[PDB]
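Here Cβ is always computed from backbone atoms with ideal geometry, including for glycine, and neighbour counts include all displayed protein chains. Read the figures in this text as sums done on the coordinates, not as results from a lab.
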Amino acid sequence: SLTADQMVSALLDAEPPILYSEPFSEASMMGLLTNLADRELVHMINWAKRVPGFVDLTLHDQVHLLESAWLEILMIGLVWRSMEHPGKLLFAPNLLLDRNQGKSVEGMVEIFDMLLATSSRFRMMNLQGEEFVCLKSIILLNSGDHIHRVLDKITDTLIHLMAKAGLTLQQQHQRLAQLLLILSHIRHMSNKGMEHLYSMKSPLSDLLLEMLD
Amino acid sequence: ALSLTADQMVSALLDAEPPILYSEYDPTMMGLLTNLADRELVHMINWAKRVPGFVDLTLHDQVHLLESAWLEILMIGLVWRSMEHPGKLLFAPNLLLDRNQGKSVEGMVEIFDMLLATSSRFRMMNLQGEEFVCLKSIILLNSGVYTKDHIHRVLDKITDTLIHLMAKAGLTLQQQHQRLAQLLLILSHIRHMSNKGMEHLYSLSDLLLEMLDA
Ligand SMILES: CC/C(=C(\c1ccc(O)cc1)c1ccc(OCCN(C)C)cc1)c1ccccc1
Ligand SMILES: CC/C(=C(\c1ccc(O)cc1)c1ccc(OCCN(C)C)cc1)c1ccccc1
């Protein structure tokens, strides 16, 4: 219903805050991130409810979308924070880790490097905040009819941002392609992430349902 | 390679297309799929070498891109040929499985329904052959690009090719970048399905370098 520019403003206003973290072992480092993550998830839900077209979906669909996309969203949020910190990841203002410390957790050295590669790619493209919030909304809606019309609106919005940037048509859809292809790499990183979290001993849906309702 | 046109890009990719192989005739499942995939893999190497700008890369990079994308390439091919067979996957012309047949297969418990939905998606989008071969080429160059400027230059060109096909088809410019977005978002799902497959298979850098010595 809305215009390409008020879509930007609405999403920007719905942006979650940057939370603070609470040598490392494997269990203490994953304790830090899990905590930050679970705190971060509360704010993600409130953000999702303010993404245009989300609350119009059934509760069953809202939960399902967040359930499959939550790690993707945390990761692209992490990458966005670490953009101006080459060779490092900004989990929190009080938790900036280089590649060296990432070996505290086994199997995390691979995922770590994939996040750093994404961060450099965003810097190479000089990703804007107006585009970032658009990419993040797409992730929430795509990873899981009405949804596609909303997704089609975000595409127009992204194009609108690139057209106002002074870009000709060729560089516009080229950049659009470049951006969306990164999401495939983000999905990949999430998949490898779920594995590791599954490779651990023992409520998201409970948290999702509790806060969404 | 960077100086081709959209029509020359399409023409090169279409003639680079691998043949649809058959499952081994033996009247008297993962074994059949493994056998089929390994024979398909040999044709994939020949195809990849015909993808514009792929041979401009080093031998090491060619191996890396293929080891990262091979299952995605096989899966999108599976989805493509299963398009006009609703609610059923066409692994081979003589190996056609529907859902209940597929539910009883090793670890295809998750991806079968995903592959069908992807096939449903392409069908209701009316995916053209010219678009398909473009998407498959994109997969080849993009899957391992993060795990280099020439690669992104070829990708941008395949993007230019896709847009041209949509403009010629008679789509408005708004419909053009919308369709392009839809197609590329699907690649995320295909990446997702591949990961699910790789894991199950996990329970190479070698053989590729062997095949590309040709
Ligand atoms: C990439 C860092 C990370 C997590 C993370 C990323 C971004 C962010 O802002 C916060 C954390 C991470 C770690 C643990 C985690 O667990 C939450 C789920 N619990 C309830 C099991 C989630 C994300 C991670 C995820 C999986 C495996 C290893 C590490
Ligand atoms: C989706 C069907 C499939 C295979 C397949 C897909 C498309 C195609 O055209 C042909 C086959 C599949 C099955 C086995 C397989 O193994 C080859 C590698 N071997 C040496 C381990 C590859 C793909 C599969 C992949 C992973 C797990 C379970 C099934």
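Filter segment A:106-145 down to residues that are surrounded by fewer than 21 Cβ atoms within 10 Å (Cβ to Cβ) and among the small types (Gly, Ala, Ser) and give me whichever is nearest to the chain's Cα centre (by Cα).
Filtering first and then ranking leaves A:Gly129.
Could you please tell me which pairs satisfy a Cβ distance under 6 Å, a separation of 6+ or placement on different chains, a first residue in segment A:60-76 that is among the acidic types (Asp, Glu), and a second residue that is assigned to a helix (DSSP H, G or I)?
A:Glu72/A:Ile139; A:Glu72/A:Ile186; A:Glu72/A:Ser190
Mind listing just one residue for me: the one in segment A:98-131 that is away from ligand 1 (no atom under 15 Å from the Cβ) and under 24 Å from A:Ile45 (Cβ atoms) and, of those, farthest from the other protein chains (Cβ to nearest Cβ)?
Applying the filter and picking the extreme gives A:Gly129.
If you go through segment A:51-72 one residue at a time, how many are assigned to a helix (DSSP H, G or I) and within 24 Å of A:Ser9 (Cα to Cα)?
Within segment A:51-72, residues that are assigned to a helix (DSSP H, G or I) and within 24 Å of A:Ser9 (Cα to Cα) number 6.
Yes or no: B:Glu84 surrounded by fewer than 21 Cβ atoms within 10 Å (Cβ to Cβ), within 20 Å of B:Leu135 (Cβ to Cβ) and away from ligand 1 (no atom under 16 Å from the Cβ)?
Answer is yes for this residue.
What are the pairs, 6+ residues apart or on separate chains, where a residue within segment A:159-187 that is within 7 Å of chain B (Cβ to nearest Cβ) has its Cβ under 6 Å from a residue that is β-branched (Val, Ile, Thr) and part of a helix (DSSP H, G or I)?
A:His173/B:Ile163; A:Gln174/B:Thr159; A:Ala177/B:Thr159
Only one residue in A:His173, A:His148, A:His188 is part of a helix (DSSP H, G or I) and surrounded by fewer than 20 Cβ atoms within 10 Å (Cβ to Cβ). Which one?
One residue alone meets the criteria, A:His148.
Regarding segment A:196-209, can at least one residue be identified that is facing chain B (nearest Cβ under 10 Å), more than 16 Å from ligand 2 (Cβ to nearest atom), surrounded by fewer than 22 Cβ atoms within 10 Å (Cβ to Cβ) and of a type outside the set (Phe, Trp, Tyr)?
no
As an exercise: evaluate A:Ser190 against (1) within 29 Å of A:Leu59 (Cα to Cα); (2) more than 11 Å from chain B (Cβ to nearest Cβ); (3) within 16 Å of ligand 1 (Cβ to nearest atom) and give the number of the one condition it does not meet.
Failed condition: (2).
Mind listing just one residue for me: the one in segment B:73-105 that is β-branched (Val, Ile, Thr) and assigned to a helix (DSSP H, G or I) and, of those, farthest from the chain's Cα centre (by Cα)?
B:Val79
Got a number for residues in segment A:132-145 being more than 9 Å from chain B (Cβ to nearest Cβ) and part of a helix (DSSP H, G or I)?
8
Determine whether B:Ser68 is within 14 Å of chain A (Cβ to nearest Cβ), in contact with a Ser or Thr (Cβ under 8 Å, 6 or more places away or on another chain) and either within 13 Å of ligand 2 (Cβ to nearest atom) or more than 21 Å from B:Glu24 (Cα to Cα) (or both).
Against the criterion (within 14 Å of chain A (Cβ to nearest Cβ), in contact with a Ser or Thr (Cβ under 8 Å, 6 or more places away or on another chain) and either within 13 Å of ligand 2 (Cβ to nearest atom) or more than 21 Å from B:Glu24 (Cα to Cα) (or both)), B:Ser68 qualifies.
Of A:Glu40, A:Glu110, A:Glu84, A:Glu130, which residue is charged (D, E, K, R) and within 20 Å of A:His188 (Cα to Cα)?
Being charged (D, E, K, R) and within 20 Å of A:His188 (Cα to Cα) holds for just one of A:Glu40, A:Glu110, A:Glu84, A:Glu130, which is A:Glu110.
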